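*Asks:* Below is a structure I'd like to ask you about.
Cβ: placed from backbone, ideal geometry, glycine included. Neighbour counts: every protein chain shown. We did not get these values from a lab; they are worked out from the coordinates using the rules stated.
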Amino acid sequence: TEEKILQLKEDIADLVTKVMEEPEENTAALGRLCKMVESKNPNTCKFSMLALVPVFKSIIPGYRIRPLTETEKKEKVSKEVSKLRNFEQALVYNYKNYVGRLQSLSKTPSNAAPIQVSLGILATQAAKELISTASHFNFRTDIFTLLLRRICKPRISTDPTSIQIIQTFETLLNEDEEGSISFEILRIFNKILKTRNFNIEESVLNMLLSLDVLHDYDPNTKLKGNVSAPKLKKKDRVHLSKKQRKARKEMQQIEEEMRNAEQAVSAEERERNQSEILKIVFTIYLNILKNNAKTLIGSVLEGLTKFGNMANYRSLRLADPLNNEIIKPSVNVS
Amino acid sequence: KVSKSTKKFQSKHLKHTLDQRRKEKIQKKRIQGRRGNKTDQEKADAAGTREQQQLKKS
Amino acid sequence: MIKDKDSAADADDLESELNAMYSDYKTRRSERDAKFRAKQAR
Amino acid sequence: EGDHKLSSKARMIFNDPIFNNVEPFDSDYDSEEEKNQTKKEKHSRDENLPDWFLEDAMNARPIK
Amino acid sequence: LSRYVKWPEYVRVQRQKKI
């Protein structure tokens, strides 16, 4: 079957090459490439699903695609916008199918054939590698749910992917300042915890310690050194017509007020997200304490000490908390 | 020979310009000996990065 | 110029047009401040 | 050329770091229980006429 | 856009009552 594998790799390469540099009119190639994932043949699924990850990471737009249905539009006036809308709808559909397949493959009862176990591990790896950049997109909640269910398994030491998923969640919580993705993760985490009666590993519960939304730093903290040209030089400008210059002034005036409004909205939403996350985190901590799990006391107390002012044994644990070289444990000492 | 713009400025704006310069000099001298007047860059250096603050906490 | 008549499909189309007009009116009246646009962005 | 088994595009595409090591008490999660819990939470948190006709804090006081 | 201008107020009201 080796030559079949070579031909399969060649076909996957041809399809991905057809899709990559011009995605818009190669929609059918992407469709068949995604359809190849759900194939019962382990090689087809493995190779196609592992090859789609760079494709999606490269072609996923920077925004969330709204369900623009023609009912309210009734436009039918486009020759390039129409194909853009078609490509966006097809991308959303294909991503839906891909994420559903990843979620289905991640669920492995650890009793099937080792090929099934490897398929589940590879699907979890693909989902974890996908969410690093696709968190600001549709169907992020499904990836979050599958990753957390893999993490919140009673035994995760034998799983070779739990460490990496823990680091990914810690990074996601650490680099989020508004508190939207943090709240989305925390709601699913609490929902899963309520199902398992709050029984997880210390490393799993330690990711809440990295919530940036529950941190205030010095008001004028020094950031990384960024140097760029303050303005394009006057003698090196491009010619613009009077109509173009007036349009530029108008769009700059629009952009300034949009920036001000976005700043205000982010400021007023961070506080609400912080309140909701505080409620969820404190409920989790208190329910752990009432459950009285001997292996989670230190982390719960450290979290209470860290986030208490935001409100109104190292050998037994794995995957040391993020920035452990700088985060000296105040209460959860060795 | 004095230029026309120089004559006009010296007749009109010289006195208040000199008075304002003296006022800035006096205020700078008064504030030099006081504590609590630091620039944005200096205060940013004093506070440090997030990693520096986490090290200071530890 | 279409020489056809429908009994209930015409009523359904009229209701759909009215609903679309009301939705557009709501969106236009709500988008007067950029805060609403920023909120709808997320 | 190099005389490789796979083509140039196949080699570059399939050499990506994602393709590493790839070659050709006990409990299972209860979906029904979480679905029932979600439904119960939904109930404890809260037709033919047109819409144009029908329609017509834990961080409140922190230390800082 | 705002296409509602294609219908005057009285036409819109008398068609709304039809539904």
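*Asks:* What is the distance, in nm, between label points placed 7 Å from the Cα along the Cα-to-Cβ direction at residue B:38 and at residue A:216?
*Replies:* With each label point 7 Å from Cα toward Cβ, the separation is 1.9 nm.
*Asks:* Is segment A:111-209 best put as rounded, prolate or oblate by its Cα gyration tensor, with a ≥ b ≥ c the root eigenvalues, rounded for a/c under 1.5, and otherwise prolate when a/b is larger than b/c, oblate when not?
*Replies:* Oblate.
*Asks:* Report the calculated FRET efficiency for residue D:51 and residue C:6 (r = Cβ-Cβ distance, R0 = 25 Å), to the nearest 0.05.
*Replies:* Values: r = 23 Å, r/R0 = 0.93.
Result of the calculation: an efficiency of 0.60.
*Asks:* Take the Cα of residue B:56, step 7 Å along the line toward its Cβ, and report every residue of segment A:218-233 whose backbone nitrogen sits under 18 Å from that point.
*Replies:* So the set is A:218-225.
*Asks:* Continuing with this model, one more query. Please work out the FRET efficiency for the pair residue A:6 and residue A:227, using the Cβ-Cβ distance as r and a Förster radius of 56 Å; give the result to the nearest 0.05.
*Replies:* For residue A:6 and residue A:227, the calculated efficiency is 0.70.
*Asks:* For the cross-link pairs A:76/A:243; A:79/C:5; A:57/A:153; A:279/B:43; A:107/D:40, which exceed 30 Å when the distance is taken from alpha carbon to alpha carbon?
*Replies:* Checking Cα-Cα distances, A:79/C:5; A:279/B:43 exceed 30 Å.
*Asks:* Turning to a different aspect of this structure: Starting at the first residue of segment A:298-308, write each ³J(HN,Hα) from the Karplus equation 6.51 cos²θ - 1.76 cosθ + 1.60 with θ = phi - 60°, in whole Hz, x for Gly and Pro.
*Replies:* With coefficients 6.51, -1.76 and 1.60, one gets x, 5, 5, 5, 5, x, 4, 5, 5, 9, x Hz.
*Asks:* Please give me the summed charge of the neighbours of residue B:16: other residues whose Cβ is under 12 Å from its Cβ, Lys and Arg +1, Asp and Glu -1. Working shown, then result.
*Replies:* Numbers: positive: B:12, B:15, B:21, B:22, B:23; negative: B:19.
Residues near residue B:16 contribute +4 overall.
*Asks:* Kindly provide the Kirkwood hydrodynamic radius of chain D in Å, to one decimal, from all pairs of distinct alpha carbon atoms.
*Replies:* That comes to 20.4 Å for chain D.
*Asks:* Just tell me which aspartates and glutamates come within less than 15 Å, Cα to Cα, of residue A:9; anything on the same chain fewer than 8 places away is out.
*Replies:* Residue A:9 reaches D:16, D:23.
*Asks:* Rounded to the nearest 20 Debye, what is the dipole magnitude of segment A:1-75 about its Cα centre when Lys and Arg each give +1 and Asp and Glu each give -1 at the C-beta?
*Replies:* 400
*Asks:* Order the peptides A:116-122, A:44-50, A:326-332 from the highest to the lowest mean number of other Cβ atoms within 10 Å of their residues.
*Replies:* Values: A:116-122: 18.0, A:44-50: 22.1, A:326-332: 15.0.
Result, highest mean first: A:44-50, A:116-122, A:326-332.
*Asks:* While we're looking at this one, here's another question. Per residue of C:20-27, count partner chain C-beta atoms within 10 Å of its C-beta, then hand back the mean as an integer. Don't skip to the end; give the middle numbers.
*Replies:* Details: counts 6, 9, 8, 4, 5, 3, 3, 2.
Across the residues of C:20-27, the mean count of other-chain Cβ atoms within 10 Å is 5.
*Asks:* OK, next. Can you pull the percent of Cα pairs in the protein assembly as shown with separation above 39 Å?
*Replies:* Distances greater than 39 Å cover 49 percent of the Cα pairs.
*Asks:* In addition: Which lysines, if any, have their Cα less than 21 Å from the Cα of residue B:7, not counting same-chain residues under 8 positions apart?
*Replies:* Within the straight-line cut-off, residue B:7 pairs with B:15.
*Asks:* What would the Debye equation give as log₁₀ I(q)/I(0) for segment A:59-102 at q = 0.24 Å⁻¹, counting only Cα atoms as equal point scatterers?
*Replies:* Evaluating at q = 0.24 Å⁻¹ gives log10 I(q)/I(0) of -0.94.
*Asks:* Starting from the Cα of residue A:294, draw a straight line to each of the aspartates and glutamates and keep only those under 18 Å, dropping any in the same chain fewer than 8 residues away.
*Replies:* A:201, A:202, A:302
*Asks:* For every other residue with a beta carbon closer than 12 angstrom to the beta carbon of residue D:50, add +1 if it is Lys or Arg and -1 if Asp or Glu, then tell me the sum.
*Replies:* On the way: positive: E:15, E:17, E:18; negative: C:12, C:15, C:17, D:47, D:51, D:55, D:56.
After counting each charged neighbour, the total is -4.
*Asks:* If you don't mind, there's one more thing I want to ask. Taking the Cα-to-Cβ direction at residue D:7 and at residue A:199 and moving 7 Å from each Cα, how far apart do the two end points lie in nm?
*Replies:* 5.4
*Asks:* Tell me the label-point distance for the pair residue E:4, residue C:36, using the 7 Å Cα-to-Cβ offset, in nm and rounded to one decimal.
*Replies:* My value for the distance between the label points is 1.1 nm.
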